[PDB]
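Colleague: Quick one: the structure is below, and I'll ask about it shortly.
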Amino acid sequence: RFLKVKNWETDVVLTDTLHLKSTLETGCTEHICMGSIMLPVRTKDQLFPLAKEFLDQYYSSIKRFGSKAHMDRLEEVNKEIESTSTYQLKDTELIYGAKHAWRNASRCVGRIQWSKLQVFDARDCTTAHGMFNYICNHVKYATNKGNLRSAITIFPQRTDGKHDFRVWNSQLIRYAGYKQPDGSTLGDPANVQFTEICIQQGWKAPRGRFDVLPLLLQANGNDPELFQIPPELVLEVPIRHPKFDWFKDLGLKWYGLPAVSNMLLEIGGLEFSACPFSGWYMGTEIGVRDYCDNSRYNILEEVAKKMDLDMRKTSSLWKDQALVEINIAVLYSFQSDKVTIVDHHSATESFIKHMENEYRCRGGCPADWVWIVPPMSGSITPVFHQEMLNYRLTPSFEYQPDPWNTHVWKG
Amino acid sequence: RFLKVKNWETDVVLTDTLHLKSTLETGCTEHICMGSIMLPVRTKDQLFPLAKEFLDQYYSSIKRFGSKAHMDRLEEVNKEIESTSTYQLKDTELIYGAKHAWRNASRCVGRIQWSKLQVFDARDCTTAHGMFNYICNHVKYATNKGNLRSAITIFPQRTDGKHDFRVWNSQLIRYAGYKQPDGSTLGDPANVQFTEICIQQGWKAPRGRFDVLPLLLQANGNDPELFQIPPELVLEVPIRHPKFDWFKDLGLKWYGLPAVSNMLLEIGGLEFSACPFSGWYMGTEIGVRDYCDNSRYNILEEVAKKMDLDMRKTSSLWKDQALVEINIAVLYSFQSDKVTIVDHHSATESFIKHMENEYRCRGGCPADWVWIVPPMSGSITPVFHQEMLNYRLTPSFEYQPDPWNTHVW
Ligand code: HEM
Ligand code: HEM
Ligand SMILES: Cc1cc(N)nc(C[C@@H]2CNC[C@@H]2OCCNCC(F)(F)c2ccccc2)c1
Ligand SMILES: Cc1cc(N)nc(C[C@@H]2CNC[C@@H]2OCCNCC(F)(F)c2ccccc2)c1
Ligand SMILES: C[C@H](O)[C@H](O)[C@H]1CNc2nc(N)[nH]c(=O)c2N1
Ligand SMILES: C[C@H](O)[C@H](O)[C@H]1CNc2nc(N)[nH]c(=O)c2N1
Ligand SMILES: [Zn+2]
Numbered sequence: 299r300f301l302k303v304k305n306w307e308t309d310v311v312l313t314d315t316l317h318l319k320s321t322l323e324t325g326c327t328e329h330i331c332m333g334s335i336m337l338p348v349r350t351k352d353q354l355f356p357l358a359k360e361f362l363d364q365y366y367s368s369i370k371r372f373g374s375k376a377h378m379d380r381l382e383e384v385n386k387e388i389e390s391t392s393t394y395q396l397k398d399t400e401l402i403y404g405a406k407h408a409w410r411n412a413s414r415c416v417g418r419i420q421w422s423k424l425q426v427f428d429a430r431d432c433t434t435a436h437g438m439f440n441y442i443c444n445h446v447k448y449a450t451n452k453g454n455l456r457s458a459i460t461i462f463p464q465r466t467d468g469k470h471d472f473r474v475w476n477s478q479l480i481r482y483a484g485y486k487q488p489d490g491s492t493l494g495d496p497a498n499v500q501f502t503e504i505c506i507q508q509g510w511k512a513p514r515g516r517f518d519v520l521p522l523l524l525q526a527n528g529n530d531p532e533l534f535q536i537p538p539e540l541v542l543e544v545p546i547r548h549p550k551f552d553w554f555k556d557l558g559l560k561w562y563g564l565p566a567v568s569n570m571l572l573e574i575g576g577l578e579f580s581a582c583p584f585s586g587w588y589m590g591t592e593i594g595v596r597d598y599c600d601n602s603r604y605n606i607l608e609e610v611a612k613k614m615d616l617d618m619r620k621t622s623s624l625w626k627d628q629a630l631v632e633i634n635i636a637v638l639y640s641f642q643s644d645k646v647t648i649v650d651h652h653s654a655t656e657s658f659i660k661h662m663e664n665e666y667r668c669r670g671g672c673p674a675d676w677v678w679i680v681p682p683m684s685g686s687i688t689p690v691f692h693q694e695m696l697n698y699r700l701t702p703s704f705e706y707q708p709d710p711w712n713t714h715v716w717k718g
Numbered sequence: 299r300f301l302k303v304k305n306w307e308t309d310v311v312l313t314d315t316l317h318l319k320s321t322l323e324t325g326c327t328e329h330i331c332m333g334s335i336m337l338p348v349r350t351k352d353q354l355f356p357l358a359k360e361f362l363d364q365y366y367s368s369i370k371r372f373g374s375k376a377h378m379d380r381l382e383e384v385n386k387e388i389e390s391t392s393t394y395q396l397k398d399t400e401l402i403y404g405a406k407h408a409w410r411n412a413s414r415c416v417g418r419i420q421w422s423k424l425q426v427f428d429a430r431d432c433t434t435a436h437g438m439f440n441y442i443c444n445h446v447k448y449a450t451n452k453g454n455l456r457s458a459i460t461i462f463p464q465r466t467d468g469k470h471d472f473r474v475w476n477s478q479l480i481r482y483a484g485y486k487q488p489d490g491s492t493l494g495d496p497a498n499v500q501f502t503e504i505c506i507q508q509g510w511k512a513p514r515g516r517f518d519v520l521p522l523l524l525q526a527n528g529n530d531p532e533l534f535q536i537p538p539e540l541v542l543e544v545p546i547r548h549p550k551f552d553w554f555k556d557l558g559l560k561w562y563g564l565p566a567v568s569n570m571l572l573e574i575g576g577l578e579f580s581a582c583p584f585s586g587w588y589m590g591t592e593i594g595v596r597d598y599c600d601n602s603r604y605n606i607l608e609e610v611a612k613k614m615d616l617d618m619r620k621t622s623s624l625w626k627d628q629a630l631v632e633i634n635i636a637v638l639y640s641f642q643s644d645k646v647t648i649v650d651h652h653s654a655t656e657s658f659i660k661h662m663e664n665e666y667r668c669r670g671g672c673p674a675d676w677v678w679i680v681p682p683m684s685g686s687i688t689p690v691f692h693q694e695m696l697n698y699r700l701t702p703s704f705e706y707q708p709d710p711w712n713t714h715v716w
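From first to last, the protein sequence lines are chains B and A. Letter by letter, the first sequence follows residues 299 to 338, 348 to 718 of the entry's author numbering. Letter by letter, the second sequence follows residues 299 to 338, 348 to 716 of the entry's author numbering.
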């Protein structure tokens with residue numbers, strides 16, 4: 299079967315065949331679409356088909372499908388599963404697997420970059436201190452003094468689910484949030500719960516607006532341990548505006564390295580519960596979401612006050628005007644400090660070229676429109692006008708619940 | 299089977315039970331989501356369960372479910388379908404059905420208004436000339452000198468499908484588009500094909516940038532005929548900016564009355580193929596889509612130039628800056644001329660309030676996030692942060708293909 303998608307701006311029609319390789323469920327049915335819902348141990352039995360499907364994909368990718376090496380590896384993995392109940396990936400397979408999880412990540416607008424990914428194999432890690440060292444090296448490598456390089460660090464896979472490696476932080480670098488007795492929040496309101504956990508675990512909180520959180524690291528199912536990232540490894544950018552000299556005195560800054568650390572990487576049926584990965588920012592992540600969400604730093608009012616906008620009616624579009632200036636400021640600040648960043652126009656235009664290439668060479672590109680369209684100026688980006696098909700391919704990144712909800716405290 | 303939707307800004311969680319009454323298919327499956335795809348006669352046998360499902364909901368709405376009058380009407384409609392192959396709605400049922408088609412319109416952000424809809428029953432209409440009169444009266448009533456009022460006009464239902472009433476136009480009021488001898492497009496590029504059909508049917512085109520198209524009306528399955536809406540019934544607004552004196556020199560205008568005329572209204576299995584309806588604009592429709600879509604009036608570049616912005620690099624956000632100014636100018640111009648308009652902040656706030664009402668009083672609210680979130684400033688409106696379930700309830704409005712594909716002349 300063939301599914302078609304149309305671009306309503308160009309009339310370009312693309313044909314998807316890749317969706318035929320999708321196995322997992324979307325949340326949608328013939329009767330209900332869950333496209334805007336954020337959240338819509349294996350037996351030997353379920354594991355070998357998953358392993359075989361992956362190894363088949365891997366061996367096809369290297370043009371060795373059906374070779375003796377391919378058949379030998381199937382046999383090897385089969386024997387390993389029957390005897391030890393799991394199996395280990397070759398380094399080559401792990402690299403291919405991590406690259407493909409990114410390539411398959413339907414919510415990721417940055418996927419033109421997918422084949423350029425530095426994979427740090429941390430499967431020999433055994434302790435939280437060991438995890439800390441690996442994560443420091445990842446941060447330093449990926450940061451590269453502002454010339455950011457995409458990377459992922461992969462810690463040992465799940466075994467019985469009682470020995471999980473987990474990074475408790477949702478991102479390697481984030482700022483603390485402190486709920487005040489008067490109900491106001493200091494710093495990032497998104498990180499209040501996690502900040503409270505770190506404090507409980509013994510973190511001495513500076514209690515300012517931009518305190519870099521410590522890492523909370525769980526190795527081998529043990530209780531998590533606290534570590535502070537060396538400050539000299541945390542590259543930050545003070546935010547200023549090219550025309551407005553008062554913008555700097557808002558006191559804003561942000562970190563240069565966006566690094567997701569709470570997702571689960573599935574490759575060949577194996578589950579990597581700790582697999583922090585990083586790229587570089589699209590400006591709107593910071594200027595639209597982190598700064599302007601009512602739920603986050605919420606700076607729109609203060610910015611519009613300083614611009615002397617007419618704020619007595621929403622129809623002056625004061626929020627929209629202030630929003631644009633804040634995003635100009637973020638991009639300008641990053642560019643001026645020589646820290647990699649991409650604007651939403653550039654990123655979406657590159658995504659469309661990536662997606663067309665994928666349709667030609669792969670027969671599709673699963674994409675989640677709700678996430679791919681930027682949170683400002685949607686329809687002046689080419690992705691707004693592009694029909695997309697969302698489906699789930701493996702290898703994959705999956706959301707997993709926060710560890711504090713499920714962790715068995717050892718004491 | 300009982301489903302939750304969470305607002306990620308406020309943490310409010312609502313439980314949807316209404317989706318279990320949903321009937322039609324979405325285009326999605328367990329393997330593939332088609333949420334971003336724009337486009338994802349009845350026999351006696353198919354018609355009666357549709358009639359019954361509708362009449363049950365109707366009698367329930369007026370708290371007379373299972374009453375003698377409920378059973379009597381079901382009986383009456385059954386007899387009528389068996390004997391005549393179709394049936395006629397009572398005026399009360401027609402009004403109820405049209406209001407609920409709007410209530411069920413998952414792509415409509417303006418549904419807080421759904422119960423205030425003026426329904427014009429045009430089922431007695433028999434000719435294209437009659438259609439034109441009804442439409443002028445709708446246009447005049449809905450416009451109301453700029454104080455717009457929501458309205459729908461409902462022409463006769465489909466019979467054997469060879470006698471369809473259709474308005475060939477996609478909206479009652481739209482501007483012509485013409486392909487120019489040097490490859491550019493004058494007017495609205497979206498209307499080039501329809502304008503050619505108008506000219507070849509007789510229309511004398513003025514060949515300007517903002518020529519209101521004539522209506523092409525089809526009655527009783529006949530070949531459509533051309534009528535010009537009286538110019539004095541088409542309220543238009545010159546676009547100016549409150550700060551930029553030069554903005555007026557772009558020579559932009561838009562019409563005040565948005566009136567969708569190409570959809571099919573289904574009520575109780577009955578199909579109203581000509582049912583033009585109108586409300587009032589949300590400003591982004593005009594300022595973001597009509598003016599700034601690359602395939603539409605495409606004015607971003609000219610505005611940005613007049614603002615003297617750095618157009619050399621995307622990262623200066625010149626497109627974004629010009630976009631906001633164009634939308635400020637649309638809203639200002641409508642407001643100054645006392646023509647109803649709503650900004651995207653205000654409209655989305657109202658929709659969230661509407662969703663909460665629908666959840667508490669009805670068990671849910673079908674909504675299509677891809678359409679409901681405005682085409683600019685998505686995440687600074689509250690709908691961006693609201694999970695929505697999309698599902699199809701009847702009575703409904705459905706898109707139908709342009710009739711010039713269907714029509715045999
Ligand atoms: C190279 C530059 C990259 C850019 C500009 C980029 C951009 C983005 C953006 C804007 C999002 C949506 C983020 C949000 O709204 O929270 C996203 C999501 C995502 N990205 Fe990329 N990304 C990049 C690199 C990467 C890399 C290296 C990986 C993994 C190897 C990756 C995997 C993902 C995944 C799994 C999601 C969904 C995240 C979630 O569900 O929370 N991205 N990306
Ligand atoms: C009274 C003020 C109204 C407002 C502010 C409003 C707002 C909107 C907007 C912004 C859209 C998306 C339009 C687009 O992007 O093309 C829409 C779609 C829609 N509206 Fe409403 N509307 C109003 C009245 C009505 C009425 C009176 C009806 C029916 C009686 C209605 C039914 C629909 C339908 C069926 C759609 C989807 C249209 C399509 O598929 O092309 N609306 N509305
Ligand atoms: C509920 C839920 C589900 C889910 N899948 N995901 C989340 C994290 C949310 C998504 N939206 C804001 C926040 O994500 C925060 C992290 N944003 C991505 C990034 F900046 F870290 C990044 C890393 C690497 C490359 C580019 C960018 C929550
Ligand atoms: C392909 C396709 C499918 C579909 N269902 N619909 C369309 C009309 C498109 C949608 N998006 C732009 C254009 O719609 C143009 C009409 N816009 C709505 C309105 F302005 F007429 C209006 C009426 C009443 C109240 C408020 C506003 C195309
Ligand atoms: C409810 C809705 O799905 C939710 O707010 C989504 C919308 N789109 C998004 N898109 C991106 N890139 N990141 C997000 O966090 C969200 N949030
Ligand atoms: C491909 C995508 O579905 C298409 O561009 C949609 C996106 N959201 C929209 N939303 C509204 N209100 N109107 C539209 O025409 C569209 N177009
Ligand atoms: Zn879906």
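Here a beta-carbon is modelled for each residue, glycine too, at the ideal position from N, C-alpha and C.
Could you pull out every residue in the same chain whose Cβ sits closer than 6 Å to the Cβ of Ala412(B), ignoring the five residues on either side in sequence?
Modeller: Excluding sequence neighbours, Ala412(B) sits near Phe704.
Colleague: Would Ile442(A) pass as a contact of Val426(A) if the rule is Cβ separation under 8 Å?
Modeller: no
Colleague: Could you tell me whether any non-hydrogen atom of ligand 2 is closer than 7 Å to the CB of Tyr604(A)?
Modeller: no
Colleague: Name, please, each residue of chain A whose Cβ falls closer than 9 Å to the Cβ of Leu312(B).
Modeller: Ordered by position in chain A, no residue passes the 9 Å Cβ test against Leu312(B), which lies about 12 Å from the chain.
Colleague: Going by the CB atoms, is the gap between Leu455(B) and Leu523(B) shorter than 8 Å?
Modeller: no
Colleague: What residue range does the beta strand (DSSP E) around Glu578(A) cover?
Modeller: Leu577 to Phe579
Colleague: Does any CB atom of chain B fall closer than 8 Å to the CB of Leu401(A)?
Modeller: No, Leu401(A) lies away from the interface with chain B (no Cβ there is under 8 Å from its Cβ).
Colleague: Once DSSP output is grouped into helix, strand and coil, what is the label at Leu540(B)?
Modeller: helix
Colleague: Could you please tell me which residues of the segment 323–335 of chain A, in chain order, have their CB closer than 9 Å to any CB of chain B?
Modeller: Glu323, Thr324, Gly325, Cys326, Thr327, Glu328, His329, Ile330, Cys331, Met332, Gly333, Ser334 and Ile335
Colleague: Would you decide whether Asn664(A) is buried or exposed? Buried here means 16 or more other CB atoms lie within 10 Å of its CB.
Modeller: exposed
Colleague: Taking C-beta pairs closer than 9 Å, name the residues in chain A that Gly685(B) reaches, listed in chain order.
Modeller: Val595, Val680, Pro681, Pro682, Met683, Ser684 and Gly685
Colleague: Is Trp510(A) close to chain B, meaning its C-beta is less than 8 Å from at least one C-beta of that chain?
Modeller: no
Colleague: Residues in its own chain within less than 8 Å of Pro549(B) by CB, not counting five upstream and five downstream?
Modeller: Answer for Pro549(B): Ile635, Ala636 and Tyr639, listed in chain order.
Colleague: Quick one: complete beta strand (DSSP E) runs, 3+ long, within the segment 419–503 of chain B?
Modeller: 425–428, 458–461, 484–486 and 492–494
Colleague: Just to make sure I have the definition right: I need the residues of chain B whose C-beta is within less than 8 Å of the C-beta of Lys626(A). Which are they?
Modeller: Neighbours of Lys626(A) in chain B, taken as residues whose beta carbon is under 8 Å from its own, are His652, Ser684 and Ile687 in chain order.
Colleague: Distance, Cα to Cα, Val715(A) vs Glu400(A)?
Modeller: 33 Å
Colleague: From this set, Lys626(A), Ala674(A), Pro702(A) and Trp306(A), which residue's C-alpha is nearest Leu337(B)'s C-alpha?
Modeller: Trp306(A)
Colleague: What is the rounded straight-line gap between the Cα of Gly494(A) and the Cα of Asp518(A)?
Modeller: 8 Å
Colleague: In the DSSP output, which residue or residues are listed as bridge partners for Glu665(A)?
Modeller: Answer by DSSP bridge pairing: none, since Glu665(A) is not bridged.
Colleague: Could you check if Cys415(A) is buried or exposed, using at least 16 other CB atoms within 10 Å of its CB as the buried criterion?
Modeller: buried
Colleague: Can you find a heavy atom of ligand 1 that lies under 7 Å from the Cβ of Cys415(B)?
Modeller: Correct: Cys415(B) has its Cβ closer than 7 Å to ligand 1.
Colleague: What number of angstroms, rounded off, separates the C-alpha of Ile606(A) from the C-alpha of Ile330(A)?
Modeller: Computed Cα separation, rounded: 36 Å.
Colleague: Going by other Cβ atoms of all chains shown within 10 Å of its Cβ, with 16 needed for buried, is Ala449(B) buried or exposed?
Modeller: buried
Colleague: Within the 8 Å Cβ cut-off, does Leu638(B) reach chain A?
Modeller: yes
Colleague: Going along chain A, which residues have a C-beta under 8 Å from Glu609(B)?
Modeller: Contact note: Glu609(B) does not reach chain A at a C-beta cutoff of 8 Å; the least C-beta distance is about 14 Å.
Colleague: State buried or exposed for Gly685(A), treating a residue as buried only when at least 16 other CB atoms are found within 10 Å of its CB.
Modeller: buried
Colleague: Is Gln642(A) close to chain B, meaning its C-beta is less than 8 Å from at least one C-beta of that chain?
Modeller: Chain B has a Cβ within less than 8 Å of the Cβ of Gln642(A).
Colleague: Residue 723(A): beta carbon under 7 Å from a heavy atom of ligand 7?
Modeller: What is shown of chain A runs 299 to 716, which leaves residue 723(A) out entirely.
Colleague: Tell me where the alpha helix (DSSP H) around residue 347(B) begins and ends.
Modeller: Coordinates for residue 347(B) are absent; the numbering of chain B skips from 338 straight to 348.
Colleague: Since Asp467(A) contacts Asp428(A) with CB under 8 Å, what's their CB separation in whole angstroms?
Modeller: Incorrect: roughly 22 Å between the Cβ atoms, too far for contact.
Colleague: Identify whether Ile659(B) lies in helix, strand or coil by the three-state DSSP scheme.
Modeller: helix
Colleague: Could you name the residues of chain A that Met695(B) contacts, counting a contact when the two beta carbons are closer than 7 Å?
Modeller: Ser334
Colleague: Compare the C-beta of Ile635(A) with all C-beta atoms of chain B and state if any pair is closer than 8 Å.
Modeller: yes
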